[PDB]
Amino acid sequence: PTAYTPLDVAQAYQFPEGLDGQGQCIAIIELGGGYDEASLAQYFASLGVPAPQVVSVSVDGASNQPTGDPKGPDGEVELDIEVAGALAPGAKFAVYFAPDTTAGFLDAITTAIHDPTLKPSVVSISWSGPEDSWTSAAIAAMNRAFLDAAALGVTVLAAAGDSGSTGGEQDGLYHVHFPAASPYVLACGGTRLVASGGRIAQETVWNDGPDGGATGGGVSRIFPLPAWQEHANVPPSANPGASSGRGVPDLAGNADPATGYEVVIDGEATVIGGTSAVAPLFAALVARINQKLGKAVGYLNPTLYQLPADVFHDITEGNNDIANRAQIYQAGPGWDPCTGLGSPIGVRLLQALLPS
């Protein structure tokens, strides 16, 4: 019942101090909505941080288009900038607006990672959906773009979803989300964070079922278990058949609205949550790290899974089941299909990524 500012959450996760993503660019893919910038300047000023430069990029005709909807479209865009910008104010923000279609989504991503002028080193994605609700073509194309981004030295972060292990499908089975299920994507799960003064009192799996949402996570049907996830104790799917797949998510962060983020949407202060708040949070972390290293970390997943356990805060309590019946999936020691490796400890992650 205590709400945080991004700075509070960042201190709890121990983000590298004295860094603000200066000289880095963060791309945000938006499939609808827009941001009113006076509401941004108002937000950054009340936080005591310099307002980061934010530029709009039109994809396939789409534009920065807010109109003051009570909830919905505007909530998506303003959120990412406010959360990531409060933590990486030195970073440049390129927001790519595209039509809400797979063509629009693909084009915004291909445009971003090939942007000659803006040159994003980080790409944050929120829009998700069940992997099997994607056509086989769109999956292949979108997965190719991510592989393209990895070879380009670009980090891509995606939310895992806010509908538990079932993922919003009622067929009676479990479904992970896409693009989160892609192995070329840093998948971000959700947790409930209790922190009081730069330290984590307790952190558990986010699960406000059977109504108010839960972190996505599980085992992919489409994508096989990657080589870097072999020593991760990833279980076979809970669905009948139960063969190995890609484990979702990779990381997790504060996503519970009850312990949510204090933001300003459409001129008015409020508190929000969800895994779509996590991807910008960790995008700022990556930006900060890129500043120190002097080069983009790029594709991170293989490296993350071979780092010492002390680099992360292992979440071991809670489950993904929104119904709380079968309790699938369950968090535990090490990697789990609710929170992945857990929440990152910024300074330790930075230390582990520095040259020997």
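All residue numbers refer to positions in the sequence shown, first residue = 1.
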{"item": "242-250 set against 201-209, stretch whose average Cα temperature factor tops the other in the entry", "value": "242-250"}
{"item": "215-223 versus 122-130 - greater average Cα B-factor per the deposited record", "value": "122-130"}
{"item": "Maximum C-alpha temperature factor, selected from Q42, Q330, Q291, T303", "value": "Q42"}
{"item": "Highest-ranked of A187, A149, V77, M142 once sorted by CA temperature factor in the record", "value": "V77"}
{"item": "CA B-factor placement of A62, once the chain's modelled residues are sorted into thirds", "value": "highest"}
{"item": "Third of the chain's Cα B-factor distribution that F312 belongs to, per the entry", "value": "middle"}
{"item": "Chain-relative CA temperature factor third for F97", "value": "middle"}
{"item": "Chain thirds of CA B-factor: placement of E82", "value": "middle"}
{"item": "B-factor third for the C-alpha atom of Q229 within its chain", "value": "middle"}
